[PDB]
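Architecture at a glance
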Amino acid sequence: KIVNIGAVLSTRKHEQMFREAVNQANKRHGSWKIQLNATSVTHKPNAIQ
Amino acid sequence: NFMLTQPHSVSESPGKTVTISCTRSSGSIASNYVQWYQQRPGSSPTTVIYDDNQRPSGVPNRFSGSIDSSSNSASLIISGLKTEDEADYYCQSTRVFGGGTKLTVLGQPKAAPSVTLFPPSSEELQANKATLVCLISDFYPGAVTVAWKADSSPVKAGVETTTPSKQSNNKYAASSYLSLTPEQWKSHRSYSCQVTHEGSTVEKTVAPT
Amino acid sequence: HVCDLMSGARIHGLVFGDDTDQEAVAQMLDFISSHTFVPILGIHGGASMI
């Protein structure tokens, strides 16, 4: 159902297409079983962080 | 599931545009992509517009696409020309096709259909059969909507309507036949053969004996 | 645990152990070693497979 897919992509502008692209996939695949979600986060400094 | 609405037919003269709208019953149209197709008589359907506003390679523009919500409908807009585009167009969104709209050029002057209702013959009634004969002619274009009601509700049992086809005088002809039994023939007060042609409705009713 | 211990008393070694079989614990500890410069010697358990 709610199969959330995340990313650690670069600056938020690049992340914008991610939120746009999933709906396109949602529009293409038509069923009430594949309601995806989206989340993201920028590249924080340091390695352990 | 949803359901796709298309007008039965439309007539347009060359040099002018025409709009046909595909309407979704339940849910939003934007929830799924939609496609437009054309089919010549006897020819396989061919893609004309796909995925809302997108022109397949080889499509000579002209045919645009509207995907505005409006009354949960998406319409097809065609530039003004009547060279060959006179065909039937269907909309498809997800496992559901449109009804189909008939488009034709403006040729011979339009003629009102001639409605005549034939009550079943007595000899057939003796054979425990009842055929209601409804004949239509002298109309343009070849697209007639014929309905049968038993004076209190539409009846779709035993109805049989011929496909409209070109006549020998640049016109079209068709007919409607209704099959019934003497019990049903004598059970109702009257039977109606409504005729719809280019937005014109002509009513002819018959009664037993 | 590891880097709060490091932030506490200044250790120099973290002789370790475990009891599971998840091989991934070796890689995580290897990642710990790179950015903290603390020698570590895993012995028994999950952090055992070479």
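Look up a bit, the structure's there.
Residues numbered from 1 in each chain as written, not as in the entry; some residues may be left out. Chains lettered and ligands numbered in written order. Part of a larger assembly, values for the part shown. Heavy atoms only, no water. Residues with missing side-chain atoms left out of burial classes, pairs and counts.

**Overview of the nonpolar core**
Residues and elements named next belong to chain B.
- Ranked by internal contacts, the top residues of the largest apolar core, which has 21 residues, are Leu132, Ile136, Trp148, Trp185 and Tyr191.
- Elements supplying a minimum of two residues to this core: β11 (130-139), β15 (172-180) and β16 (191-197).
- In terms of residues, this core owes the most to one element, β11, which gives five residues.
- Beyond its immediate stretch of four places on either side in the chain, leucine 132 contacts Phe118, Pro120, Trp148, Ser176, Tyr177, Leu178, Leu180, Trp185 and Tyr191.
- The next biggest cluster of nonpolar side chains, apart from the first, holds 15 residues, and it includes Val18, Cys22, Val48 and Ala87. (Core = buried A, V, L, I, M, F, W, Y, C linked by side-chain atoms within 4.5 Å. Buried < 20%, exposed > 50% of the residue type's maximum accessible area, 1.4 Å probe, protein only. Helix = DSSP H or I, 4+ residues; strand = E, 2+ residues; numbered from the N terminus. Contact = heavy atoms within 4.5 Å.)

**Some points on the sheet that holds strand β1 (residues 4-5) of chain B**
- The strand order across the open sheet formed by four strands is β1-β3-β7-β6 (chain B), and the pairing between neighbours is antiparallel. This sheet does not close on itself; its edge strands, each paired only once, are β1 and β6 (64-65) of chain B. (Pairing = 2+ DSSP bridges.)

**Some thoughts on the pattern of salt bridges**
Residues and elements named next belong to chain B.
- Across all of its chains, the model carries three salt bridges over all chains by this definition.
- The residue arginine 40 makes a salt bridge to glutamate 84 at a minimum N-O spacing of 3.3 Å. Of the two residues, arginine 40 sits in the loop between β4 (35-39) and β5 (46-49) while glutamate 84 sits in the loop between β7 (73-78) and β8 (88-92), which places them 44 residues apart along the sequence.
- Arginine 40 sits in the partly exposed class, given a relative accessible area of 25%.
- The partner of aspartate 85 in a salt bridge is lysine 82, with the nearest N and O atoms 4.0 Å apart. Considered together, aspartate 85 and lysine 82 belong to a single accessibility category, that of buried residues. (Salt bridge = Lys/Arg side-chain N within 4 Å of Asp/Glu carboxyl O.)

**Focus on the packing of aromatic side chains**
All names here are of chain B.
- For the coordinates displayed, the defined rule picks out three aromatic pairs over all chains.
- On the basis of an interplanar angle of 25 degrees and a centroid distance of 6.3 Å, the ring pair of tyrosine 140 and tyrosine 172 is categorised as stacked. Residue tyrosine 140 is located in the loop between β11 and β12 (145-149), and its partner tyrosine 172 is located in strand β15; the two are separated by 32 residues in the primary sequence. The pair formed by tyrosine 140 and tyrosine 172 is uniform in burial state, with each residue classed as buried.
- Geometrically, the ring pair formed by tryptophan 185 and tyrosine 191 is stacked, given 6.2 Å between the ring centres and 25 degrees between the ring planes.
- For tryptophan 185, a relative accessible area of 3% corresponds to the buried category.
- Counting every residue linked through ring pairs, the aromatic cluster contains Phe139, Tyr140 and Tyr172. (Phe/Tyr/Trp six-rings, centres within 6.5 Å; stacked < 30°, edge-to-face > 60°.)

**Regarding unusual backbone geometry**
Residues and elements named next belong to chain B.
- Note the cis peptide between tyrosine 140 and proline 141, where omega equals 0 degrees.
- Its place among the elements puts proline 141 in the loop between β11 and β12.
- Not every positive phi belongs to a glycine, and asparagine 128 is a case in point at roughly 55 degrees.
- Mapping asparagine 128 onto the fold places it in the loop between α1 (122-126) and β11.

**Considerations on a nonpolar patch on the surface**
- A contiguous nonpolar patch, built from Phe118(B), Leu135(B) and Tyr177(B) and spanning about 240 Å² of accessible area, is present on the exposed surface.
- Turning to its location among the elements, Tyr177(B) is positioned in strand β15. (Patch = residues over 30% accessible without salt bridge, like charges linked within 9 Å, V, L, I, M, F, W, Y side chains within 5 Å. Areas by Shrake-Rupley, 256 points an atom, 1.4 Å probe, with all protein chains shown as cover.)

**A word on the interface of chain A and chain B**
- With five residues of chain A in contact, the opposing surface of chain B contributes five residues.
- With both chains or domains summed, chain A and chain B bury close to 400 Å², and 44% of this area falls on carbon and sulfur atoms.
- Taken together, the residues of the side of chain A that touches chain B break down into no nonpolar, three polar and two charged. (Buried area = accessible area lost by both parts, 1.4 Å probe. Nonpolar A, V, L, I, M, F, W, Y, C, P; charged D, E, K, R; others polar.)

**Some details on the state of the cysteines**
Residues and elements named next belong to chain B.
- Enumeration according to the criterion identifies two disulfides over all chains in this entry.
- One disulfide in the model links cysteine 22 with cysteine 91; its S-S distance is 2.0 Å. Residues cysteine 22 and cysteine 91 are joined through a disulfide that is right-handed, its torsion about the S-S bond being 65 degrees. Placement of the pair is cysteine 22 in strand β3 (residues 18-24) and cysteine 91 in strand β8, with a sequence separation of 69 residues.
- Overall, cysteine 22 belongs to the buried group, its relative accessible area being 5%.
- Through a disulfide, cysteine 134 is tied to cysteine 193; the S-S separation comes to 2.0 Å. The sign of the -110 degrees torsion about the S-S bond sets the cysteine 134-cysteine 193 disulfide as left-handed. Taken together, the positions of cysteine 134 in strand β11 and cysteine 193 in strand β16 put the pair 59 residues apart, joining distant regions of the chain. (Disulfide = S-S within 2.5 Å.)

**Comments concerning the environment of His12(C)**
Residue and element names in this part refer to chain C.
- Positionally, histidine 12 belongs in the loop between α1 (2-7) and α2 (24-34).
- Expressed as a C-alpha distance, the spacing of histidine 12 and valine 38, which sit 26 residues apart in the sequence, is 5.7 Å.
- Excluding anything up to four places from it in sequence, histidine 12 contacts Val38 and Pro39.

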